[PDB]
Structure formats: structure tokens, C-alpha cells
Amino acid sequence: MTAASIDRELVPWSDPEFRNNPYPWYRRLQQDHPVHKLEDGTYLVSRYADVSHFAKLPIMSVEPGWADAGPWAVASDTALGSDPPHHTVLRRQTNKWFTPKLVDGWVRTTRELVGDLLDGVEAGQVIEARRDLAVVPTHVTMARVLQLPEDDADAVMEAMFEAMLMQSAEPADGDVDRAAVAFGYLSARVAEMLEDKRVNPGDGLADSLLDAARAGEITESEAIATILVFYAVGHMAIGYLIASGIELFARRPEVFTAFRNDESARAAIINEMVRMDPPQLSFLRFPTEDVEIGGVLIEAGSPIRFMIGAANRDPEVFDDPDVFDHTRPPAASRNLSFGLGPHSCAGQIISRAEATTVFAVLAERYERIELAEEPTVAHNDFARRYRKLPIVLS
Ligand code: HEM
């Protein structure tokens with residue numbers, strides 16, 4: 001045995017079966033190696049109590065990983081790659097556009113587009129739900145908040161699929177070059193859109209970010225990067241959650257019937273979907289001083305990968321963690337899928353309302369969702385993805 005063969009036994013990042021369902025390997029990792037140092041120097045932290053306490057500490061920086069991330073170093077000029085104090089100012093620029101009463105307006109776009117798609121079908125028609133119920137409605141919702149052209153969902157989704165390959169812990173040969181191609185496309189399309197906006201300003205979130213850079217609250221590079229990331233990821237993790245929830249309502253029709261029959265249960269159904277199938281499985285921090293976790297001394301500047309998916313199945317927190325149950329008590333009703341601490345997801349309020357909206361419009365019209373064929377997926381060790389989800393509604 002070697003350190004490398006031990007790591008492959010515990011977390012075979014490239015293995016198709018581990019990509020399709022990592023949860024059996026997470027259970028072993030969490031039981032026997034809850035703070036595990038990989039041969040590359042990354043520490044894997046997988047117990048809920050340890051991720052929830054340590055990952056949000058102020059000593060946990062987000063700067064080093066994104067700064068060294070090649071094509072992804074665009075995130076250094078956003079909240080995702082910025083520490084406080086300037087992190088607070090970058091987040092106020094977007095948080096102020098996604099308060100609950102503003103989100104109630106933005107998700108009218110999601111409702112209108114789902115209603116258009118459903119009005120157009122014949123009875124028994126196969127709907128490709130990944131594009132038509134998840135990616136297009138969410139892309140256009142966010143493009144309309146930004147006040148950017150809304151017609152490019154398919155190329156933006158292809159670009160982001162290519163850009164996410166290199167976020168694997170074991171990128172394939174060529175994956176960093178695929179991300180440079182993808183970001184080259186998105187940066188050129190955003191530059192063309194913002195040149196049009198300079199000449200003809202509107203009053204959306206992209207104009208608010210450009211005004212904040214002109215006022216000196218953020219830099220021009222931070223305005224442009226934040227517009228690019230909200231535009232490009234508006235469809236992505238939220239499109240995965242909507243497709244995952246549609247597959248759950250087909251495989252477990254009694255959950256869709258409960259969603260139909262009890263409005264007061266709808267948030268908790270969605271949150272149980274989110275606990276069980278997080279679209280992002282982990283995230284990195286780099287502590288600014290030495291820190292002991294699980295009796296292991298981690299030196300300043302080491303990479304710590306907090307394993308969200310593994311934590312969300314911790315039987316110290318959730319009884320029968322592999323069973324879907326939307327009636328868990330208040331102390332076992334929350335999860336780490338939108339992160340925590342200052343970098344908790346800047347899309348959380350709009351994402352929960354977009355999923356609520358797509359599921360509510362389907363429940364207004366239909367009693368049952370069925371899979372027309374098995375779904376086609378393209379998961380890796382970092383991010384989950386559907387390629388195709390053909391369904392029939394009745
Ligand atoms: C409208 C869609 C979304 C947008 C625009 C969006 C945007 C962002 C941004 C800008 C951040 C960084 C915030 C900061 O560093 O202060 C973030 C963090 C995060 N998001 Fe989202 N997000 C979206 C949907 C989702 C969904 C649906 C999930 C999972 C259910 C998700 C999971 C996460 C996680 C786990 C983080 C924390 C990453 C870290 O701490 O390093 N996001 N999101």
C-alpha cells in the first residue's frame with residue numbers, strides 16, 4: 001500500500017461509479033477518516049459538526065485558490081474569491097437586488113416561461129426538462145434582472161459545462177484549456193453587451209454594478225467579473241436543483257402529491273431535495289493561521305476541502321440520512337448545500353424561489369410526473385450535472 005493507493009480506495013475521484021453516487025464512499029470517509037490529508041496536501045473535512053464550525057471562521061481565506069485558478073481566476077474579482085472587509089461591499093452590490101420582495105417580482109419571469117412551455121404541449125408529449133423546465137427559465141430570469149440579452153441560454157450552458165471540468169480534483173488532460181475557451185467566449189459576449197449598455201444604459205443589476213464601479217465602491221474589474229459570473233451561473237446550480245427535484249417527484253410520486261396537497265410543506269420538501277442532492281459537493285478554504293480539526297493540526301495556508309455532500313448525510317445530525325423525509329424536526333431541518341458564513345450563496349433566496357415557482361406551476365396543472373427513459377447525467381467529483389431529463393406529465 002502507498003498514500004496514493006489509500007487515497008484511491010477512499011475517494012476515487014475519477015471513477016464513474018463514485019461520480020454517479022459518491023455517498024457510499026463518503027460514509028466510510030466520514031466514519032473512519034473524518035479529517036483526511038490527501039497525498040497533494042489537501043485536508044478533507046467531512047463531519048457536519050466540523051464543517052459547520054470551522055468553515056465559517058474568519059481565519060478561513062478564499063483568496064489563494066481562486067487567484068491560482070487560471071481561467072477561473074475571474075472569481076478573484078468577485079465575492080467568491082474576496083475576503084472581508086471588501087467582501088462585504090461586493091456582496092451588498094448584489095444582495096440589495098435579491099431581497100424577498102424583489103425576488104417575488106423576478107421569479108414572475110420563471111412562472112411566465114414555464115406556463116408558456118406547458119401551454120404549448122400536447123397530452124402525453126415528452127418534455128426535455130433539463131433545457132425547458134430548468135436551464136432556459138432560470139437563465140432568462142437572471143438575464144432580465146441584470147438587463148442583459150436573454151437569448152443565449154444554450155451557448156452559455158455549453159460554455160459553463162466546459163468551464164466546470166477543470167474544477168474536478170483530477171482534471172483530464174485538456175480541461176484547463178477547455179475552460180480558457182469557454183471563458184474566452186463569455187468574456188467576449190459580456191464585453192459586447194456592456195459596450196451596448198455604456199451607450200444605452202438601463203436600470204438593471206448590470207447597470208447597478210457599473211454605477212458602483214464608477215462611484216468607486218468597487219473596481220471596474222469587480223463590476224465586470226460579478227456581471228459575468230451572475231450571467232453565466234444563473235442557470236447552472238439552480239437548473240441542477242430543479243431537474244433533481246423533478247426526477248425525485250417521478251421516482252417518489254408521493255412527494256409530488258404531498259407538495260400538491262400541503263403548501264405548508266413545500267419549503268421543507270425543497271430543502272430536503274437540497275440536502276440530499278447538493279449540486280456543488282465541496283469547497284476550499286486556506287486558513288491564515290494553524291488550526292486543529294479532529295485532532296489534526298493543519299498548518300496555515302494548507303488547502304482544506306469541506307465536503308458538503310458528505311456532511312449532509314452525517315448520522316450525528318440526520319437520522320436515516322439516506323432516506324428522503326421532509327418532516328424532520330427543526331434541529332435536523334437545515335443543511336450545508338448553499339454554504340455558510342460570509343460566503344453563503346449569493347443566489348440562495350432567488351434559487352429557492354425559482355425552484356418553488358417551477359414546482360408550483362407543475363403542481364397547478366398535473367398530478368403525476370413520469371420519466372420517459374432513464375436520465376442522462378454527466379457528474380464529476382465536484383459538481384453534479386444532468387444532460388437530459390425526458391419526462392411525461394399527467
Ligand atoms: C441564481 C443562481 C445562483 C447564483 C447567481 C449563485 C451565485 C453565487 C455566488 C456569487 C457565490 C459566492 C458568494 C460569496 O462568496 O459571498 C455563491 C456561493 C455558493 N453557492 Fe451559489 N449561486 C446560485 C445558485 C446556487 C445553488 C442552487 C446552490 C446549491 C443548492 C449553490 C451553492 C453555492 C455554494 C455551496 C456556495 C459557497 C461556495 C464557497 O463558500 O466557496 N448556488 N453562489
Side-chain angles (χ1 to χ4, degrees), residues 51-52 54-57 60-66 69 72 74-95 97-98 103 106-107 109-110 134-135 137-146 156 160 164 167 205-206 209 222 225-245 270-286 303-309 311-312 334-358 382-385:
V51 176
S52 70
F54 292 96
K56 44 143 189 80
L57 292 175
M60 294 294 164
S61 179
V62 296
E63 291 193 349
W66 296 110
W72 268 104
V74 60
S76 296
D77 286 318
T78 73
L80 184 66
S82 299
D83 289 336
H86 184 57
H87 172 267
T88 310
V89 173
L90 281 167
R91 280 295 295 273
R92 170 169 59 75
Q93 299 303 331
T94 65
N95 293 345
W97 277 82
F98 301 107
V103 166
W106 310 142
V107 300
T109 295
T110 322
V135 168
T138 63
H139 178 74
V140 172
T141 296
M142 185 55 72
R144 280 205 200 163
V145 179
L146 284 159
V156 173
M160 286 310 304
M164 289 294 290
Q167 298 299 78
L205 166 63
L209 285 157
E222 283 167 352
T226 297
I227 288 165
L228 184 148
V229 164
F230 275 68
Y231 175 69
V233 311
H235 77 277
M236 188 178 73
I238 176 58
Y240 182 84
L241 176 55
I242 290 166
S244 177
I270 291 169
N271 215 31
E272 182 73 345
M273 291 170 173
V274 164
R275 181 185 70 84
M276 294 201 80
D277 203 10
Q280 184 172 327
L281 295 161
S282 63
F283 56 78
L284 290 171
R285 296 286 188 270
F286 300 82
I304 304 177
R305 180 173 297 283
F306 291 104
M307 297 301 283
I308 291 187
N312 277 357
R334 300 301 182 84
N335 64 68
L336 296 165
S337 300
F338 284 102
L340 64 166
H343 299 276
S344 73
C345 174
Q348 179 174 0
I349 294 178
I350 195 172
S351 288
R352 294 184 187 280
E354 284 185 282
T356 300
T357 294
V358 175
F382 179 74
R384 306 279 289 171
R385 180 164 286 269

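Residue numbers start at 1 and run along the sequence shown. One-based numbering, in listed order, for ligands and for the atoms of each.
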Interatomic distance, CZ@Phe98 vs CD1@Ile349, rounded to 0.5 Å, equals 10.0 Å
Residues, nucleotides or ligands: over 12 heavy atoms within 6.0 Å of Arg144 CZ
yes
Of the backbone atoms (N, CA, C, O) and the side-chain heavy atoms from C-beta on, which set of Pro342 has a member under 4.0 Å from an atom of ligand 1: side chain, backbone, both, or neither?
backbone
Keeping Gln167 on the side-chain end and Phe382 on the backbone end, is there a donor-acceptor pair under 3.5 Å?
no
For ligand 1, is any non-hydrogen atom under 4.0 Å from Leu90's backbone (N, CA, C, O), its side chain (CB onward), both, or neither?
neither
Pairs of nitrogen or oxygen atoms closer than 3.5 Å, one from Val229 and one from ligand 1: do any exist?
no
Protein heavy atom at shortest distance from atom 14 (C) of ligand 1
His343 ND1, 3.4 Å
For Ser244, the side-chain contact (heavy atoms from CB on, under 4.5 Å) test, sequence neighbours excluded, returns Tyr240, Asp277, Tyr386
For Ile308, atoms of ligand 1 separated by under 4.0 Å from a heavy atom:
35 (C)
Hey, which atoms in ligand 1 end up nearer than 4.0 Å to a heavy atom of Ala79?
14 (C), 15 (O), 16 (O)
Sub-3.5 Å donor-acceptor pair from the side chain of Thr88 to the main-chain atoms of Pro84, do we have one?
no
Show the atoms of ligand 1 that are less than 4.0 angstrom away from any heavy atom in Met142.
1 (C)
Looking only at protein heavy atoms, what sits closest to atom 12 (C) of ligand 1 is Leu80 CD1, 3.8 Å
Taking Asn335 for its side chain and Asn271 for its backbone only, find out whether a donor-acceptor pair lies under 3.5 Å.
yes
Residues in ring pair (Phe, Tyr, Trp, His ring centres under 6.0 Å) with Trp72, at least two apart?
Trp66, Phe183
Do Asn312 and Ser337 have side-chain N/O donor and acceptor atoms under 3.5 Å apart?
yes
Options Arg384, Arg285, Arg91, ranked by nearest heavy atom to atom 40 (O) of ligand 1, top entry
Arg285
If we count only N and O atoms by modelled type, under 3.5 Å, do the side chains of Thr357 and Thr110 hold a donor and an acceptor together?
no
Look only at interatomic distance and state if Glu354 has a nitrogen or oxygen under 3.5 Å from any nitrogen or oxygen of ligand 1.
no
Write out the residue and atom name of the closest protein heavy atom to atom 32 (C) of ligand 1, then the distance separating them to 0.1 Å.
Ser337 O, 3.5 Å
Quick check on contacts: which atoms of ligand 1 are under 4.0 angstrom from a heavy atom of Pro279?
29 (C), 30 (C)
Check whether any side-chain heavy atom of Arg91 sits under 4.5 Å from a side-chain heavy atom of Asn95, and report yes or no.
yes
Identify which protein N/O/S atoms are less than 2.8 Å from atom 21 (Fe) of ligand 1.
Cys345 SG
Under 3.5 Å, is there a donor-acceptor pair between the side chain of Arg285 and the main chain of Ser61?
no
Could a heavy atom of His87 be found less than 4.0 Å from some atom of ligand 1?
yes
How about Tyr231 and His139: are their ring centroids closer than 6.0 Å?
yes
For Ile350, take its heavy atoms, then give the atoms of ligand 1 lying under 4.0 Å from any of them.
1 (C)
Decide whether the shortest distance between a heavy atom of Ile238 and an atom of ligand 1 is less than 4.0 Å.
yes
Any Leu241 heavy atom less than 4.0 Å from ligand 1:
no
Can you name the atoms of ligand 1, numbered from 1 with element, that are less than 4.0 Å from a heavy atom of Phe283?
39 (C), 40 (O), 41 (O)
Distance in Å, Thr138 OG1 paired with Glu354 CD, rounded so as to fall on 0.5 Å steps:
5.5 Å
Taking only residues two or more places apart in sequence or in another chain, which ones pass side chain to side chain donor-acceptor pair (under 3.5 Å) with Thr94?
none
